[PDB]
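Asks: Attaching a single structure in structure tokens format; questions to follow.
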Amino acid sequence: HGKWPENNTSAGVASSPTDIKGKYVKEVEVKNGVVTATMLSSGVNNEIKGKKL
Amino acid sequence: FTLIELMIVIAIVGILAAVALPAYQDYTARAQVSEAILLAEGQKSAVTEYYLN
Ligand SMILES: *[C@@H]1O[C@H](C)[C@@H](NC(C)=O)[C@H](O[C@H]2O[C@H](CO)[C@H](O)[C@H](O)[C@H]2O)[C@H]1NC(C)=O
């Protein structure tokens, strides 16, 4: 389609990001191609809880 | 006359019974206090293990 997908629905993935998730990951959103992933809460003490990649 | 030789015995008889016994039941305590600590050694990493994960 010649441009980065804004969002999940366009990317062709689970339209809700939260549905896409990990054991310690909260969600995964498409953001104009850039794939942001949000971490869960506890499961570690570490300064990641709810943080993003 | 010899009695002062007996005197000095009964001065040796009344012993101190050094505080280096009860300071070292307190440090014999430090031995088995350490025996409690050496238990704690196992939990150091296990408690940590929960704390980190
Ligand atoms: C998916 O991403 C592409 C780039 C969007 N297209 C444009 C021109 O920005 C899609 O949005 C289009 O389609 C939806 C479908 O309901 C809607 O009709 C919008 O008006 C269009 O722009 C993105 N798809 C979605 C579902 O947002």
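Going through the structure tokens in order, the chains are called A, B, and so on, while each chain numbers its residues from 1 and the ligands are numbered from 1 in the order shown.
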Let me see if you get this right: every residue at most 12 Å from ligand 1, counting only C-alpha atoms and all ligand atoms, written as a count of residues only.
Replies: 20
Asks: If you run DSSP over the backbone, which residues in chain B end up helix (DSSP H, G or I)? Put them as a VMD selection string.
Replies: chain B and resid 3 to 13 26 to 52
Asks: Restricted to N, CA, C and O atoms, what would the selected residues look like written as a compact mmCIF listing (two decimals), in the first residue's frame?
Replies:
```txt
# COMPACT_ATOMS: atom_id res chain seq x y z
N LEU B 3 52.13 -20.83 104.40
CA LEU B 3 50.70 -20.62 104.17
C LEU B 3 50.41 -19.69 103.03
O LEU B 3 49.42 -19.86 102.33
N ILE B 4 51.26 -18.69 102.85
CA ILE B 4 51.02 -17.79 101.74
C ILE B 4 51.09 -18.54 100.43
O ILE B 4 50.48 -18.13 99.44
N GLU B 5 51.79 -19.68 100.40
CA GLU B 5 51.69 -20.55 99.26
C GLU B 5 50.33 -21.21 99.17
O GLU B 5 49.91 -21.57 98.07
N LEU B 6 49.66 -21.42 100.29
CA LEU B 6 48.30 -21.93 100.24
C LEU B 6 47.33 -20.82 99.93
O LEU B 6 46.33 -21.04 99.23
N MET B 7 47.59 -19.63 100.47
CA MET B 7 46.79 -18.46 100.15
C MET B 7 46.70 -18.27 98.66
O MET B 7 45.61 -18.06 98.10
N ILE B 8 47.84 -18.31 97.99
CA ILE B 8 47.87 -17.98 96.58
C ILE B 8 47.15 -19.05 95.79
O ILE B 8 46.59 -18.76 94.73
N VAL B 9 47.13 -20.28 96.28
CA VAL B 9 46.31 -21.30 95.65
C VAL B 9 44.87 -20.87 95.71
O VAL B 9 44.22 -20.66 94.68
N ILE B 10 44.38 -20.63 96.93
CA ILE B 10 42.97 -20.31 97.10
C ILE B 10 42.61 -19.00 96.44
O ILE B 10 41.42 -18.73 96.22
N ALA B 11 43.61 -18.19 96.09
CA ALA B 11 43.41 -17.11 95.14
C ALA B 11 43.32 -17.64 93.72
O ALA B 11 42.58 -17.08 92.91
N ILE B 12 44.06 -18.70 93.40
CA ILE B 12 43.90 -19.33 92.10
C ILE B 12 42.64 -20.17 92.10
O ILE B 12 42.03 -20.38 91.05
N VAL B 13 42.24 -20.69 93.26
CA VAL B 13 41.03 -21.50 93.30
C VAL B 13 39.83 -20.64 92.98
O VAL B 13 39.00 -20.99 92.13
N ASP B 26 28.15 -16.06 74.22
CA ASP B 26 27.58 -15.07 73.32
C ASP B 26 28.20 -15.14 71.93
O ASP B 26 27.57 -14.70 70.96
N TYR B 27 29.41 -15.67 71.81
CA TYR B 27 29.99 -15.90 70.51
C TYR B 27 30.01 -17.37 70.13
O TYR B 27 30.14 -17.69 68.94
N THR B 28 29.83 -18.27 71.10
CA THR B 28 29.25 -19.56 70.76
C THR B 28 27.85 -19.36 70.27
O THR B 28 27.39 -20.06 69.37
N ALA B 29 27.13 -18.44 70.89
CA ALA B 29 25.86 -18.04 70.33
C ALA B 29 26.08 -17.54 68.93
O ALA B 29 25.40 -18.00 68.01
N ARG B 30 27.11 -16.71 68.71
CA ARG B 30 27.40 -16.29 67.35
C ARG B 30 27.66 -17.47 66.45
O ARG B 30 27.40 -17.38 65.25
N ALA B 31 28.10 -18.60 67.00
CA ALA B 31 28.22 -19.80 66.18
C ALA B 31 26.84 -20.30 65.76
O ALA B 31 26.57 -20.45 64.57
N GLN B 32 25.96 -20.55 66.72
CA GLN B 32 24.68 -21.11 66.33
C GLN B 32 23.67 -20.05 65.95
O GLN B 32 22.69 -20.36 65.26
N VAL B 33 23.85 -18.82 66.40
CA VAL B 33 23.24 -17.71 65.70
C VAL B 33 23.63 -17.78 64.23
O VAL B 33 22.79 -17.65 63.34
N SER B 34 24.91 -18.04 63.96
CA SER B 34 25.31 -18.21 62.57
C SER B 34 24.64 -19.42 61.96
O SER B 34 24.30 -19.41 60.77
N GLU B 35 24.44 -20.46 62.76
CA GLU B 35 23.69 -21.61 62.27
C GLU B 35 22.29 -21.19 61.83
O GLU B 35 21.73 -21.76 60.89
N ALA B 36 21.71 -20.19 62.49
CA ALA B 36 20.48 -19.62 61.97
C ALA B 36 20.77 -18.80 60.73
O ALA B 36 19.95 -18.76 59.79
N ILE B 37 21.91 -18.14 60.69
CA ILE B 37 22.24 -17.32 59.54
C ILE B 37 22.50 -18.20 58.34
O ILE B 37 22.10 -17.88 57.21
N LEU B 38 23.16 -19.32 58.55
CA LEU B 38 23.44 -20.19 57.44
C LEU B 38 22.16 -20.78 56.87
O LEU B 38 22.12 -21.13 55.69
N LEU B 39 21.12 -20.90 57.68
CA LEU B 39 19.82 -21.21 57.11
C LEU B 39 19.39 -20.08 56.21
O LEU B 39 19.09 -20.29 55.03
N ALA B 40 19.42 -18.86 56.75
CA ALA B 40 19.01 -17.67 56.03
C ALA B 40 19.71 -17.56 54.70
O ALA B 40 19.11 -17.09 53.72
N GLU B 41 20.96 -18.03 54.63
CA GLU B 41 21.72 -18.03 53.40
C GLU B 41 20.95 -18.69 52.26
O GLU B 41 20.97 -18.22 51.13
N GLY B 42 20.26 -19.79 52.55
CA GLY B 42 19.47 -20.43 51.52
C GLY B 42 18.34 -19.54 51.06
O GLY B 42 18.10 -19.38 49.86
N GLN B 43 17.65 -18.93 52.01
CA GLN B 43 16.54 -18.08 51.65
C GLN B 43 16.97 -16.78 51.01
O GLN B 43 16.13 -16.13 50.38
N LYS B 44 18.24 -16.39 51.16
CA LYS B 44 18.72 -15.13 50.58
C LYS B 44 18.40 -15.08 49.10
O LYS B 44 17.83 -14.11 48.60
N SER B 45 18.75 -16.15 48.40
CA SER B 45 18.53 -16.17 46.97
C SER B 45 17.10 -16.57 46.64
O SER B 45 16.55 -16.11 45.64
N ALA B 46 16.49 -17.39 47.48
CA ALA B 46 15.14 -17.84 47.20
C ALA B 46 14.14 -16.72 47.44
O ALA B 46 13.23 -16.50 46.63
N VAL B 47 14.28 -16.03 48.56
CA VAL B 47 13.48 -14.83 48.79
C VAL B 47 13.74 -13.83 47.68
O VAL B 47 12.82 -13.24 47.11
N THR B 48 15.02 -13.64 47.38
CA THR B 48 15.41 -12.82 46.24
C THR B 48 14.73 -13.32 44.99
O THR B 48 14.26 -12.52 44.16
N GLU B 49 14.66 -14.63 44.83
CA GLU B 49 14.13 -15.20 43.61
C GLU B 49 12.69 -14.77 43.40
O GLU B 49 12.31 -14.36 42.31
N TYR B 50 11.89 -14.82 44.46
CA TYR B 50 10.54 -14.30 44.37
C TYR B 50 10.57 -12.81 44.13
O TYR B 50 9.77 -12.28 43.35
N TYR B 51 11.50 -12.11 44.79
CA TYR B 51 11.50 -10.66 44.74
C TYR B 51 11.81 -10.16 43.34
O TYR B 51 11.33 -9.10 42.93
N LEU B 52 12.60 -10.92 42.60
CA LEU B 52 13.06 -10.48 41.29
C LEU B 52 12.12 -10.90 40.18
O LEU B 52 11.97 -10.17 39.20
```
Asks: When you look at residue 51 in chain A with a cut-off of 10 Å (counting only C-alpha atoms), what residues show up, excluding the ones that are within fewer than 2 positions of it in the same chain? I need them as a list in words.
Replies: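 Counting only C-alpha atoms, the residues come to residues 25, 26, 37, 38, 39, 40, 41, 47, 48, 49 and 53 of chain A.
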Asks: Residues of range 4-41 of chain A in strand (DSSP E or B) according to DSSP, as a list in words?
Replies: residues 25, 26, 27, 28, 29, 30, 31, 34, 35, 36, 37, 38 and 39 of chain A
Asks: Find the residues of chain A in contact range of chain B, meaning any atom within 10 Å when counting only C-alpha atoms, and list them as a count of residues only.
Replies: 5
Asks: At what distance in Å, to one decimal, does CA of residue 52 in chain A lie from CA of residue 19 in chain A?
Replies: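 Going from CA of residue 19 in chain A over to CA of residue 52 in chain A covers 16.3 Å.
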